[PDB]
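In case you want the letters, here they are:
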Amino acid sequence: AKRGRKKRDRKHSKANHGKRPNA
Amino acid sequence: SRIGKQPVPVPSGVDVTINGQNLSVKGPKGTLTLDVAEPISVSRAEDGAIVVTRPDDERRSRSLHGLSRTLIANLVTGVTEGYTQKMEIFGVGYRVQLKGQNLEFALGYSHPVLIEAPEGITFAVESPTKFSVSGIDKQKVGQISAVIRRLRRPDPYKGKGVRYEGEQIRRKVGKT
Amino acid sequence: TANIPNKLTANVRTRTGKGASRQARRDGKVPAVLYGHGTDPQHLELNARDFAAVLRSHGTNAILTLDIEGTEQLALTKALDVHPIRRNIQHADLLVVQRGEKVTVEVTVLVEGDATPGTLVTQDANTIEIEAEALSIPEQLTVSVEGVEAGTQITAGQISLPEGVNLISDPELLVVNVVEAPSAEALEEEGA
Amino acid sequence: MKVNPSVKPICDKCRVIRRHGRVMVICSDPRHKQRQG
Amino acid sequence: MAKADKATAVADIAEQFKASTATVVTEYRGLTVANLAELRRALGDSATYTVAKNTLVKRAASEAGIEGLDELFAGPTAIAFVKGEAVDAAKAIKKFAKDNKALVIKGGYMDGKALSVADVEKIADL
Amino acid sequence: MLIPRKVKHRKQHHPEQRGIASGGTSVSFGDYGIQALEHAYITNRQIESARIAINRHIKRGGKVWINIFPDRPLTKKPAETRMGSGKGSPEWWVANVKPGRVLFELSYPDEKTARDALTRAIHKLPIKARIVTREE
RNA sequence: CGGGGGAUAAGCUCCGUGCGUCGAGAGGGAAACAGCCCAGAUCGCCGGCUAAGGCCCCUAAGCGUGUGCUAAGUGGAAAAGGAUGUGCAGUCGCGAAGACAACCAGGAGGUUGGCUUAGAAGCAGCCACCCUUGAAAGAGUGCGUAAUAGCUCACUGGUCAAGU
RNA sequence: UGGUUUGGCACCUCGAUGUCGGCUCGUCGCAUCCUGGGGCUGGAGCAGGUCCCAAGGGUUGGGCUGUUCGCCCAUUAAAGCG
Ligand SMILES: [Mg+2]
Ligand SMILES: [Mg+2]
Ligand SMILES: [Mg+2]
Ligand SMILES: [Mg+2]
Ligand SMILES: [Mg+2]
Ligand SMILES: [Mg+2]
Ligand SMILES: [Mg+2]
Ligand SMILES: [Mg+2]
Ligand SMILES: [Mg+2]
Ligand SMILES: [Mg+2]
Ligand SMILES: [Mg+2]
Ligand SMILES: [Mg+2]
Ligand SMILES: [Mg+2]
Ligand SMILES: [Mg+2]
Ligand SMILES: [Mg+2]
Ligand SMILES: [Mg+2]
Ligand SMILES: [Mg+2]
Ligand SMILES: [Mg+2]
Ligand SMILES: [Mg+2]
Ligand SMILES: [Mg+2]
Ligand SMILES: [Mg+2]
Ligand SMILES: [Mg+2]
Ligand SMILES: [Mg+2]
Ligand SMILES: [Mg+2]
Ligand SMILES: [Mg+2]
Ligand SMILES: [Mg+2]
Ligand SMILES: [Mg+2]
Ligand SMILES: [Mg+2]
Ligand SMILES: [Mg+2]
Ligand SMILES: [Mg+2]
Ligand SMILES: [Mg+2]
Ligand SMILES: [Mg+2]
Ligand SMILES: [Mg+2]
Ligand SMILES: [Mg+2]
Ligand SMILES: [Mg+2]
Ligand SMILES: [Zn+2]
């Protein structure tokens with residue numbers, strides 16, 4: 001749902017290089 | 001551009017004055033004011049003509065050059081001659097008559113409908129089925145013409161309503 | 001049937017390897033290697049733009065004269081490789097040749113004419129091997145079809161050829177076939 | 001006012017214009033007139 | 001049309017003019033195909049009637065001294081050549097024009113000098 | 001509906017789905033062809049639907065070709081059941097595709113109708129595709 | 001990272017990896033956020049130099065410098081597909097022998113080509129899609145009538161003047 | 001696209017998370033039942049079919065099964081979906 005899309009999309013911040021725990 | 005290249009002619013019987021960006025024209029029919037867009041400058045030719053020039057060939061300049069030229073031509077021709085429009089009404093039991101500065105229509109509704117005449121325009125009627133409207137500003141003339149036209153809904157069956165001089169409406173026949 | 005050489009320029013590669021090769025490719029240079037009976041392989045660069053111009057002007061097979069550090073040579077574009085998606089010329093093979101040699105060259109063939117309404121045109125083979133002199137290679141071959149009916153199998157040997165050429169492919173090879181136009185019932189039946 | 005995500009010049013007399021960020025085609029035949037959205 | 005076609009047409013009209021004793025210029029606007037065919041059939045016995053373009057005929061006229069006709073090629077132009085005799089074609093065109101009322105004779109060419117409409121009428125009458 | 005007659009083993013692993021195509025990368029046989037770019041799977045139902053679509057528009061003349069066959073199978077167990085506890089059953093067949101492969105080819109002298117039919121076919125498949133010509 | 005089970009689904013499960021971390025790890029970075037980036041805590045100092053990230057104010061540091069793009073708050077949510085948005089790079093065609101659009105004339109004769117039908121004449125359908133005069137007529141892109149008939153159009157001539 | 005039915009994962013709660021309808025009482029979204037404004041029709045007109053914008057207010061009373069669901073009896077503009 002909306003909840004799921006947010007965290008996966010928020011992982012694409014250049015700060016974390018794209019790899020984060022828990023997708 | 002292509003349409004703005006040709007300078008606008010100026011007749012002898014019209015006075016033209018320029019004050020910076022603002023422009024006013026005085027003629028037999030009256031006078032009007034104007035403000036011009038800043039990207040485009042205007043110059044007056046000694047040979048009784050107006051020249052409009054664009055500083056660069058980009059999109060906005062290319063668009064505004066022609067607009068300024070055509071608008072100047074339209075206002076000068078209006079102040080010289082003016083503008084008039086004729087109207088006709090088709091149907092059975094449809095009438096129109098003039099009462100002073102106000103004009104009333106009879107399209108067959110239960111109650112009569114009246115339209116007020118704003119400033120700068122006059123209404124002329126020569127026949128109960130045909131009339132005309134006169135004025136100086138083409139934009140006002142067109143606005144008032146459209147307002148008068150939109151009194152009645154389109155009727156592609158009997159053609160009842162108000163139609164322009166050369167305007168032809170599509171007609172479809174209902175068998176039932 | 002005579003042609004003229006096409007002039008070009010080339011330089012000697014300084015480094016050998018995929019990295020340098022595709023660096024030059026991105027820059028706009030196509031690496032190439034020339035070799036022949038002289039027993040002296042050489043690997044150079046060519047201007048992709050003029051290479052493509054020459055190829056498009058004179059077909060896949062064309063006569064090329066190359067300028068290398070002031071020296072002149074005659075070479076043939078034996079084989080070409082094309083990127084399947086981007087359609088780039090990654091590398092071309094150059095074969096040195098002197099006037100008056102017998103060489104094996106693959107040549108395309110075109111077909112033109114008018115077909116009867118009850119006939120359909122198909123082309124099983126699009127290229128036919130032809131042997132001739134280096135400077136006398138035809139650019140293309142043509143076959144005329146007119147008013148044929150039913151089975152009109154045209155063999156490669158039947159095709160007319162110019163002088164000074166030899167047909168290496170076996171004559172039994174079928175190049176052009178014409179068959180009765182199809183029927184809707186059988187066509188829909190196919191692959192059921 | 002046929003509203004579909006995609007529009008086409010159904011007949012030769014259809015013309016395409018752009019208004020306020022939304023592109024639609026106008027034609028003499030009302031059936032041929034539609035807007036995207 | 002290609003430049004080769006234009007050159008071929010120029011050469012063709014030039015040679016036709018050279019082989020023709022004289023010629024006249026007419027207007028073909030506002031004429032129905034039926035009447036064009038009738039006029040062509042009537043004139044086919046002696047003369048030939050065709051249509052030529054202003055720029056092409058102007059360029060072709062540079063060969064001879066017919067260059068003085070350049071001013072008569074403003075607007076539609078139809079060209080008629082008289083391989084045989086000179087007067088019968090003129091009479092045919094005059095009668096056709098006065099019958100149709102939609103044809104105006106631009107002029108003609110006689111003895112190396114251009115002549116006006118009145119002169120054309122007089123020479124036709126002669 | 002194209003189905004292979006028999007196979008040594010009735011099921012296999014998931015298809016390989018990486019790399020770039022090696023063979024069959026050039027249009028040949030007819031005059032026009034179709035090649036794909038993305039990566040996906042195609043099945044017999046899709047193949048037959050595309051064939052019917054091209055057929056009903058080509059109508060009288062011409063003739064087509066197909067360069068693929070959904071032979072590799074896929075498995076699907078009865079619904080509403082605990083996962084595991086054994087394989088399912090093979091339900092529908094598919095064939096893999098890689099960029100550059102040629103799917104369909106056609107021959108029809110009328111270029112415009114040929115292209116319109118081919119565009120009809122392209123708008124059909126679930127993969128991005130485009131038309132190609134015989135000449136280089 | 002390379003794999004199986006799965007609907008090429010799960011923050012699912014089962015493997016292999018002289019693989020990282022957390023578990024047994026404080027600080028700084030991403031607002032908060034153990035498993036991501038930098039970096040390994042002996043203690044004190046109102047001292048200097050830096051990685052990751054930042055430099056309008058919240059909040060320390062550039063409303064930095066030079067060359068280009070953006071009209072959408074795109075910047076600051078996603079695909080099949082659609083489109084006279086826009087810049088760069090490349091084409092062939094035509095263009096002073098007058099390109100394109102725009103604004104006057106002609107756009108016809110066997111002819112209603114045959115089968116088909118109540119009916120078929122250019123316009124439910126199938127075959128050639130033949131040919132005449134030409135400047136141009138296509139068995140005609142359509143919106144027109146049961147079927148004729150008109151509005152037309154395709155190519156082309158007369159006026160303006162270069163991009164199309 | 002929605003996570004609202006039937007489904008798959010066992011991650012928080014077995015030194016407690018008390019359970020379907022009904023009664024009373026709200027609050028919110030629009031994928032609109034009327035009330036409102038438009039357009040296209042194989043739209044004579046009344047009356048119909050479809051699409052677009054729009055959430056201020058209302059949306060009955062009874063018979064049958066505990067029922068949810070569902071059928072039926074009489075009007076109004078309607079007896080809306082979550
Ligand atoms: Mg993952
Ligand atoms: Mg559609
Ligand atoms: Mg292989
Ligand atoms: Mg697809
Ligand atoms: Mg993995
Ligand atoms: Mg896996
Ligand atoms: Mg677990
Ligand atoms: Mg494990
Ligand atoms: Mg540790
Ligand atoms: Mg920590
Ligand atoms: Mg922290
Ligand atoms: Mg330490
Ligand atoms: Mg420092
Ligand atoms: Mg740094
Ligand atoms: Mg500060
Ligand atoms: Mg700044
Ligand atoms: Mg810059
Ligand atoms: Mg955003
Ligand atoms: Mg997208
Ligand atoms: Mg598209
Ligand atoms: Mg015409
Ligand atoms: Mg005929
Ligand atoms: Mg028919
Ligand atoms: Mg648990
Ligand atoms: Mg817990
Ligand atoms: Mg607990
Ligand atoms: Mg308890
Ligand atoms: Mg409770
Ligand atoms: Mg309870
Ligand atoms: Mg809505
Ligand atoms: Mg309503
Ligand atoms: Mg409706
Ligand atoms: Mg509402
Ligand atoms: Mg309210
Ligand atoms: Mg009961
Ligand atoms: Zn239309």
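- Determination of this PDB entry was carried out by cryo-EM to a resolution of 3.26 Å, according to the record.

1. Digging into empty space enclosed by the protein
Reasoning step 1: Enumeration according to the criterion identifies seven cavities of 30 Å³ or more in this entry.
Reasoning step 2: Estimates place the volume of the largest cavity at around 160 Å³.
Reasoning step 3: Lining the largest cavity are 15 residues, with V16, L23, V25, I50 and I72 of chain B positioned closest to its centre.
Reasoning step 4: Broken down by secondary-structure element, the contributors of at least two residues to the lining of the largest cavity are β2 (15–19), β3 (22–27), β5 (41–45) and α1 (59–80) of chain B.
Reasoning step 5: Each residue belonging to the lining of the largest cavity can be placed in one class, and the counts come to 12 nonpolar, two polar and one charged.
Reasoning step 6: Considering only enclosed or pocket space, the second largest cavity measures out at about 120 Å³ in volume.
Reasoning step 7: Looking at the second largest cavity, it is lined by 13 residues, and the ones nearest its centre are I54, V64, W65, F104 and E105 of chain F.
Reasoning step 8: If you list the elements that add at least two residues to the lining of the second largest cavity, you get β1 (32–36), α1 (44–58), β3 (63–66), β6 (102–107) and α2 (111–122) of chain F.
Reasoning step 9: When its residues are assigned to classes, the lining of the second largest cavity shows 10 nonpolar, one polar and two charged.

2. A word on the interface of chain C and chain F
Reasoning step 1: Listed as interface residues are 14 residues of chain C and, on the opposing side, 14 residues of chain F.
Reasoning step 2: A combined buried area of about 1,300 Å² lies between chain C and chain F, and 42% of that area is made up of carbon and sulfur atoms.
Reasoning step 3: Its largest share of buried area at the contact with chain F, chain C owes to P84, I85 and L187 of chain C, together 31% of the area lost on that side.
Reasoning step 4: The interface formed by chain C and chain F includes one salt bridge.
Reasoning step 5: Linking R56 of chain F and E188 of chain C is a salt bridge whose minimum nitrogen-to-oxygen distance equals 3.5 Å.
Reasoning step 6: Run the count over chain C and chain F and you get three residue pairs in polar contact.
Reasoning step 7: For the side of chain C that touches chain F, the secondary structure elements donating two or more residues are β8 (119–122) and α3 (184–189) of chain C.
Reasoning step 8: Considering every element that reaches the side of chain C that touches chain F, the biggest residue donor is α3 of chain C, with three residues.
Reasoning step 9: Class assignment of the residues belonging to the side of chain C that touches chain F gives a composition of eight nonpolar, four polar and two charged.

3. Re helix α2 (residues 138–149) of chain B
Helical geometry note: an α-helix holds 3.6 residues per turn, so side chains three or four residues apart project in the same direction.
Residue and element names in this part refer to chain B.
Reasoning step 1: Compared with the 16 Å implied by 1.5 Å per residue over 12 residues, the 16 Å span of α2 between its first and last C-alpha is a close match.
Reasoning step 2: Restricting attention to buried positions, one finds in α2 the residues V141, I144, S145 and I148. With its buried residues spanning 105° around the axis, α2 presents them on a single face.
Reasoning step 3: Summarising the contacts, the buried residues of α2 are in contact with β7 (83–90), β9 (102–106), β10 (113–115), β11 (121–127), β12 (130–135) and β13 (161–163).
Reasoning step 4: With a side-chain oxygen lying 2.3 Å from the backbone nitrogen of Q139, the N-terminal cap of α2 falls on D137.

4. Here we look at the layout of surface pockets
Residues and elements named next belong to chain E.
Reasoning step 1: Roughly 630 Å³ of volume is contained in the second largest pocket.
Reasoning step 2: For the lining of the second largest pocket, the elements supplying multiple residues, two or more each, are α1 (3–19), β1 (22–26), β2 (48–51), α3 (54–60) and β3 (78–82).
Reasoning step 3: If you tally residues by element for the lining of the second largest pocket, the top one is α1, at 10 residues.
Reasoning step 4: In the lining of the second largest pocket, the residues fall into 21 nonpolar, six polar and five charged.

5. Quick notes on the protein's contact with RNA strand G
Reasoning step 1: Neighbouring residues of RNA strand G: 41 residues in total, closest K14 of chain A, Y28 and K53 of chain E together with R18 and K76 of chain F.
Reasoning step 2: Sugar and phosphate atoms constitute 67% of the interface atoms of RNA strand G, taking the interface as everything within 4 Å of the protein.
Reasoning step 3: In the environment of RNA strand G, a base nitrogen lies 3.1 Å from a nitrogen or oxygen atom belonging to the side chain of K3 of chain E.
Reasoning step 4: At 2.9 Å, a side-chain N or O of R29 of chain E approaches a base oxygen of RNA strand G.
Reasoning step 5: Listing elements by their share of the surface near RNA strand G, those giving two or more residues are α1 (2–10) of chain A, β2 (15–19) of chain D together with α1 and α3 of chain E.
Reasoning step 6: The element that contributes the greatest number of residues to the surface near RNA strand G is α1 of chain A, accounting for three residues.
Reasoning step 7: Per-class residue counts for the surface near RNA strand G are 12 nonpolar, 11 polar and 18 charged.

Procedures and definitions
Residues numbered from 1 in each chain as written, not as in the entry; some residues may be left out. Chains lettered and ligands numbered in written order. Part of a larger assembly, values for the part shown. Heavy atoms only, no water. 1 Å grid on protein atoms, 1.4 Å probe; cavity = no way out; pocket = protein on both sides within 12 Å on 5 of 7 lines; lining within 4 Å. Points joined across faces, edges and corners; volume = space filled by probe spheres on them. Helix = DSSP H or I, 4+ residues; strand = E, 2+ residues; numbered from the N terminus. Nonpolar A, V, L, I, M, F, W, Y, C, P; charged D, E, K, R; others polar. Contact = heavy atoms within 4.5 Å. Buried area = accessible area lost by both parts, 1.4 Å probe. Salt bridge = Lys/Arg side-chain N within 4 Å of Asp/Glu carboxyl O. Polar contact = N/O pair within 3.5 Å; in protein donor to acceptor, adjacent residues only side chain to side chain. Expected span 1.5 Å × (residues − 1). Buried < 20%, exposed > 50% of the residue type's maximum accessible area, 1.4 Å probe, protein only. Arc of directions from axis to C-beta. Near = heavy atom within 4 Å.

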